[PDB]
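Close look at the chain arrangement
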Amino acid sequence: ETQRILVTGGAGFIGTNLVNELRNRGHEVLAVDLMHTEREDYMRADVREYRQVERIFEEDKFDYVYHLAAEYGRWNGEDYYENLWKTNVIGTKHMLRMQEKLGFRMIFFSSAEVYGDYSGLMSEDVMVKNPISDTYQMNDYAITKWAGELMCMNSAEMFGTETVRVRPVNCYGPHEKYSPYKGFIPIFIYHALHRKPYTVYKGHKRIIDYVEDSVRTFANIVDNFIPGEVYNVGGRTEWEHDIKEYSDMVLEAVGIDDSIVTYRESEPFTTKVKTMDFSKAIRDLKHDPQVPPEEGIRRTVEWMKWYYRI
Amino acid sequence: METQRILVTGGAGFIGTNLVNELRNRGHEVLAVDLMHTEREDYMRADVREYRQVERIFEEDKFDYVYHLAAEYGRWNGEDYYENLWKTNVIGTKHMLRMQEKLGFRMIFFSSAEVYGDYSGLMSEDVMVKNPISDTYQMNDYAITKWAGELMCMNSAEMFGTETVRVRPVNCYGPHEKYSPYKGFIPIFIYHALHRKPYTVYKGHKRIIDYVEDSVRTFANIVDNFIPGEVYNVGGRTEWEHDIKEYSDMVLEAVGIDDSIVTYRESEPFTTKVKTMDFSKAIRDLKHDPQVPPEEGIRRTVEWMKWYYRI
Ligand SMILES: NC(=O)c1ccc[n+]([C@@H]2O[C@H](COP(=O)([O-])OP(=O)(O)OC[C@H]3O[C@@H](n4cnc5c(N)ncnc54)[C@H](O)[C@@H]3O)[C@@H](O)[C@H]2O)c1
Ligand SMILES: NC(=O)c1ccc[n+]([C@@H]2O[C@H](COP(=O)([O-])OP(=O)(O)OC[C@H]3O[C@@H](n4cnc5c(N)ncnc54)[C@H](O)[C@@H]3O)[C@@H](O)[C@H]2O)c1
Ligand SMILES: O=c1ccn([C@@H]2O[C@H](COP(=O)(O)OP(=O)(O)O)[C@@H](O)[C@H]2O)c(=O)[nH]1
Ligand SMILES: O=c1ccn([C@@H]2O[C@H](COP(=O)(O)OP(=O)(O)O)[C@@H](O)[C@H]2O)c(=O)[nH]1
Ligand SMILES: [Cl-]
Ligand SMILES: [Cl-]
Ligand SMILES: [Mg+2]
Ligand SMILES: [Mg+2]
Ligand SMILES: [Mg+2]
């Protein structure tokens, strides 16, 4: 059965892909984001502004709301913290107030940054059973996402609202624009393509997830929505690589050596190891990513080369 | 006996007014900062949400110590006024952290014992370190703002070497706390009892209440033994724990009426059941030695409210 779905942050990277995927499945989808655009089934709403949020829900009825509207990224959160807190937290509270009033089901976008610098396997239950000091969030961005999770749980507890939280991991792929405030993959690709120098912080491990894969699993939440649940959504546990390995994949795909690269040991204040357990998404959400990092990076290099015309 | 130059944000508030007065009485030079204009000397209006206004405070004076109390106080207040809550408690605190990172004053950050959530065991400070995270999930936005603030203080300390002591005040009450329906239980009980107006007692809860003059003495002692990176519960004594009816009965006894005006309920939903505080750390570092137990403190507060509202 097809649903009426709101996607806030629907003009962003995951949001755009998710909107298209949901529409591809036959759902009716309103995309909402912070700017005006040309596109149909689109509405500008600053989620910081209660009146604008209420306006969304006055115009349309929704079965499901994917809430992605956010100031994304740890460095962004430090440099633009006012926008960060107002959007990520007050916006989420406005959305929860709407949810309490209207009873839609919500998919809340948190972040695997909620796990802080935890160096064990990032299973969802780390944010339940582990000593609280394991996951002290390392930047404001990460704290907003954890605050959002707490607010979702308090709302469910107080009003019986129905919410699934997701913790996206290190999503990358075609249609993600470059900026210096994006994740490492688009930074590496854009710099490599332009033969421009960039830094690799060696002492870190990540699992990158291809947008098409992650979006398929996000879209699957509608088909198996379990109120109160939380899911890591990302690649595969065994797709862990260190940062040099990812850089080398980018350089290989561009076809250049690492002469443009400055290597540093570690990025301060940055999660060392971010190795995720996806068994829960595998169980409930038919999580089955098809695009491993080598292949994904190639596709992303190809998209960036074409899109920025290198 | 060393004079400090001290800023107190939230300095026209309940704890803030008492703290400013106590610090001044000790010989410190204290600027009070708050959200409204007042008649007071050594006072400046600054909305801590507004970076420019925060920056103005630090253009005017250099401070050795900053007590950061400016906040939207209270769990119900946080739910009904959440925009102000998040902007002030969190963005305001981040502006203060940015100033601290630039200027290097020492800060006392005011958190809340609500950060312990509904934990049923002894609320030692390290419950926020060693206990499973689910033991202390914060139960309302206000509690989340305080926990977010503590995390931000720790991150600033890690990243910039800023020097901050966090305090978790508990259930502070006393003279100079005005009534509103958004205050804690003690001034609600007192004001309603004084007016012979009905009020509700949620029975299935225990609290340790702390008399403002005692708590401010300990908060003031921090500038005398400031250990960067520390966190302290500051409240009464573990032995002064009572259930809510017991506190209600103290209020009624002090007003001189019976409990005919009281509506009893078994428990308040989404409210911490038991808040058994461990004050060993404050006793150890801060000469914490509260002198006013609840019975006496309630009497003093009843008397103060009686005169101030001319009942
Ligand atoms: N990309 C990842 O790897 C990753 C990792 C962890 C968490 N997340 C979270 O997933 C979501 C999507 O990530 P993304 O990579 O697509 O980020 P993105 O920045 O591309 O998407 C976020 C969108 O939200 C919009 N937005 C910001 N403030 C808004 C406001 N006040 N009102 C309305 N819209 C507003 C932005 O304009 C943007 O289009 C975000 O919530 C992000 O924090 C992503
Ligand atoms: N039992 C307690 O009283 C208790 C318990 C736990 C935590 N706390 C915390 O201790 C502090 C003092 O509590 P209180 O009982 O005196 O509360 P209060 O409300 O009397 O004091 C807070 C003060 O902050 C001011 N303020 C609010 N927003 C501001 C802004 N944007 N800019 C500047 N000033 C602003 C208010 O005007 C007020 O005077 C608060 O941070 C509170 O959250 C108190
Ligand atoms: O220019 C850059 C940006 C990031 N990184 C590293 O890439 C990893 C992922 O960083 P990002 O901010 O993309 O994601 P997160 O840290 O949230 O997983 C971290 O180890 C960073 O140190 C890097 O080496 N160079
Ligand atoms: O009108 C009221 C307000 C509060 N309380 C109780 O008093 C205690 C203290 O609540 P408050 O909000 O003052 O503080 P906190 O919950 O943060 O300790 C709780 O058990 C409440 O249920 C009560 O019985 N009646
Ligand atoms: Cl993230
Ligand atoms: Cl409090
Ligand atoms: Mg438009
Ligand atoms: Mg003035
Ligand atoms: Mg504003």
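Residues numbered from 1 in each chain as written, not as in the entry; some residues may be left out. Chains lettered and ligands numbered in written order. Heavy atoms only, no water.

As recorded in the entry header, the structure was determined using X-ray crystallography to a resolution of 2.00 Å.

Moving on: the overall build of chain B. The secondary structure content of chain B amounts to 11 helices and 13 strands. In terms of overall dimensions, chain B is globule-like: its C-alpha atoms have a radius of gyration of 19 Å, near the 19 Å expected for 311 residues. Its C-alpha atoms put chain B at 55 × 50 × 40 Å along the principal axes. Counting only residues that meet the buried cut, chain B has 59% of its 311 residues in that class. Put simply, 78% of the contacts in chain B that link residues at least 6 apart link residues at least 24 apart. A total of about 12,900 Å² of accessible surface is found on chain B, and carbon and sulfur atoms cover 46% of it. Charge centroids of chain B, computed over 39 positive and 50 negative side chains, lie 2 Å from each other. (Helix = DSSP H or I, 4+ residues; strand = E, 2+ residues; numbered from the N terminus. Rg over C-alpha atoms; globule rule 2.2 N^0.38 Å. Buried < 20%, exposed > 50% of the residue type's maximum accessible area, 1.4 Å probe, protein only. Contact = heavy atoms within 4.5 Å. Areas by Shrake-Rupley, 256 points an atom, 1.4 Å probe, with all protein chains shown as cover. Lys, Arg positive; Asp, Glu negative; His and termini not counted. Charge placed at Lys NZ, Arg CZ, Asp CG, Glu CD.)

Looking now at the site of ligand 2. All names here are of chain B. Among the 27 residues in the neighbourhood of ligand 2, the closest are listed as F14, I15, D34, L69 and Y142. Take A46: an N or O atom from its main chain is 3.3 Å from a nitrogen atom of ligand 2. In the complex, the protein chains occlude 93% of the 810 Å² of accessible area that ligand 2 would expose alone. Only α1 (14-25) and α6 (141-160) provide two or more residues apiece to the shell around ligand 2. Classifying every residue of the shell around ligand 2 gives 16 nonpolar, six polar and five charged. (Near = heavy atom within 4 Å. Polar contact = N/O pair within 3.5 Å; in protein donor to acceptor, adjacent residues only side chain to side chain. Nonpolar A, V, L, I, M, F, W, Y, C, P; charged D, E, K, R; others polar.)

Throughout the structure, instances matching the rule amount to 45 salt bridges over all chains. Linking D224(B) and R26(B) is a salt bridge whose minimum nitrogen-to-oxygen distance equals 3.5 Å. Here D224(B), found in the loop between α8 (212-221) and β11 (231-234), pairs with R26(B), found in the loop between α1 and β2 (29-34); they are 198 residues apart in sequence, far enough to count as distant. Assessed through its relative accessible area of 30%, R26(B) is described here as partly exposed. Three or more residues joined by partner-sharing salt bridges are found here, namely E78(A), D140(A), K94(B), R98(B) and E101(B). (Salt bridge = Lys/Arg side-chain N within 4 Å of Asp/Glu carboxyl O.)

Attention now moves to the sheet that holds strand β1 (residues 4-8) of chain A. Residue and element names in this part refer to chain A. Pairing within the open sheet is parallel, and its seven strands lie in the order β3-β2-β1-β4-β5-β6-β11. In this open sheet, the two edge strands, each paired with only one partner strand, are β3 (42-44) and β11 (230-233). The sheet shows a mean angle of 20° between the axes of neighbouring strands, direction not considered. Bridge analysis of β1 against strand β2 (residues 28-33) gives five bridges, and the strand direction is parallel. (Pairing = 2+ DSSP bridges. Axes fitted to C-alpha atoms, helices over the stretch in contact; angles between N-to-C directions.)

Bringing the UniProt feature "binding site: NAD(+)" (unreviewed entry) in chain B into the picture now. Residues and elements named next belong to chain B. The UniProt entry lists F14, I15, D34, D47, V48, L69, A71, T88, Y142, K146, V170 and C172 under the feature "binding site: NAD(+)" (unreviewed entry), expressed in the numbering used here. The greatest C-alpha distance among the annotated residues, which extend across 159 residues, is 25.1 Å, indicating that they are dispersed rather than converging on a single site. Structurally, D34 can be placed in strand β2. Judged by its relative accessible area of 13%, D34 falls in the buried class. In this structure, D34 is in contact with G10, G11, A12, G13, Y43, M44, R45 and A46, ignoring residues within four places of it in sequence. Structurally, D47 is set in the loop between β3 (43-45) and α2 (51-60). Judged by its relative accessible area of 14%, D47 is buried. With sequence-adjacent residues up to four places away left out, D47 is seen in contact with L35, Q53 and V54. (UniProt positions renumbered as here; feature names shortened; annotations may be inferred.)

The next subject is the interface of chain A and chain B. Across the contact, 35 residues belong to chain A and 35 residues belong to chain B. Between chain A and chain B the total buried area reaches about 3,100 Å² when both faces are included, carbon and sulfur atoms providing 66% of it. A per-residue breakdown of the area chain A buries against chain B is headed by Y81(A), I132(A) and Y136(A), which together make up 20% of the total. As a salt-bridge pair, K94(B) and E78(A) come within 2.8 Å of each other at their nearest N and O atoms. (Buried area = accessible area lost by both parts, 1.4 Å probe.)

This brings us to the packing of aromatic side chains. This model, assessed by the stated rule, comprises 33 aromatic pairs over all chains. On the numbers, 6.4 Å between centres and 75° between planes, the contact of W303(A) with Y308(A) is edge-to-face. Seen in terms of ring centroids, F185(B) and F189(B) are 5.4 Å apart; in terms of plane orientation they differ by 85°. Their pairing is edge-to-face. Residue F185(B) and its partner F189(B) are located together in helix α7 (residues 185-194), separated by four residues, close to a single helical turn. (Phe/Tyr/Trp six-rings, centres within 6.5 Å; stacked < 30°, edge-to-face > 60°.)

Among the nonpolar cores identified, the biggest contains 88 residues, and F57(A), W85(A), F58(B) and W86(B) are the most heavily contacted of them. Not counting residues within four places of it along the chain, the set of residues in contact with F58(B) comprises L7(B), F63(B), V66(B), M96(B), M99(B), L103(B) and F105(B). (Core = buried A, V, L, I, M, F, W, Y, C linked by side-chain atoms within 4.5 Å.)

With that settled, the discussion passes to a negative patch on the surface. A cluster of acidic residues, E29(B), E41(B), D42(B), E59(B), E60(B) and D61(B), forms a negative patch at the surface. With respect to the helices and strands, the residue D61(B) is situated in the loop between α2 and β4 (65-68). (Patch = residues over 30% accessible without salt bridge, like charges linked within 9 Å, V, L, I, M, F, W, Y side chains within 5 Å.)

Attention now moves to the sheet that holds strand β5 (residues 106-110) of chain B. All names here are of chain B. Pairing within the open sheet is parallel, and its seven strands lie in the order β3-β2-β1-β4-β5-β6-β11. Bordering the open sheet on either side are β3 and β11, each of which pairs with just one other strand. The mean angle between the axes of side-by-side strands here comes to 20°, regardless of whether they run parallel or antiparallel. Judged from the four bridges that link them, strand β1 (residues 5-9) and β4 form a sheet pairing that is parallel. Within β4, the position partnered with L7 by the bridge is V66.

Take the site of ligand 3 next. Residues and elements named next belong to chain A. In the region of ligand 3, 16 residues are neighbours, and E113, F184, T199, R206 and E267 sit closest. At 2.7 Å, a side-chain N or O of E113 approaches an oxygen atom of ligand 3. Coverage of ligand 3 by the protein amounts to 88% of the 520 Å² it exposes when considered alone. Breaking the shell around ligand 3 down by element, the ones donating at least two residues are α6 (184-193) and β8 (198-201).

Now for the UniProt feature "binding site: NAD(+)" (unreviewed entry) in chain A. Residues and elements named next belong to chain A. In this structure's numbering, the residues bearing the UniProt feature "binding site: NAD(+)" (unreviewed entry) are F13, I14, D33, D46, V47, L68, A70, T87, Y141, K145, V169 and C171. Here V169 is to be found in the loop between β6 (162-168) and β7 (171-172). Contacts of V169, omitting those with residues within four sequence positions, involve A112, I207, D209, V233, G234, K274, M276 and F278. Within the secondary structure, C171 is located in strand β7.

All names here are of chain A. Feature annotation in UniProt assigns "binding site: UDP-alpha-D-xylose" (unreviewed entry) to the following positions: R74, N170, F184, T199, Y201, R206, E267 and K274. Relative to the elements of secondary structure, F184 occurs in helix α6. By relative accessible area, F184 is classed as buried at 18%. Structurally, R206 can be placed in strand β9 (residues 205-207). Those residues in contact with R206 that sit more than four places away from it in its chain are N170, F184, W239, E240, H241, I243, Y246, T270, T271, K272, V273 and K274.

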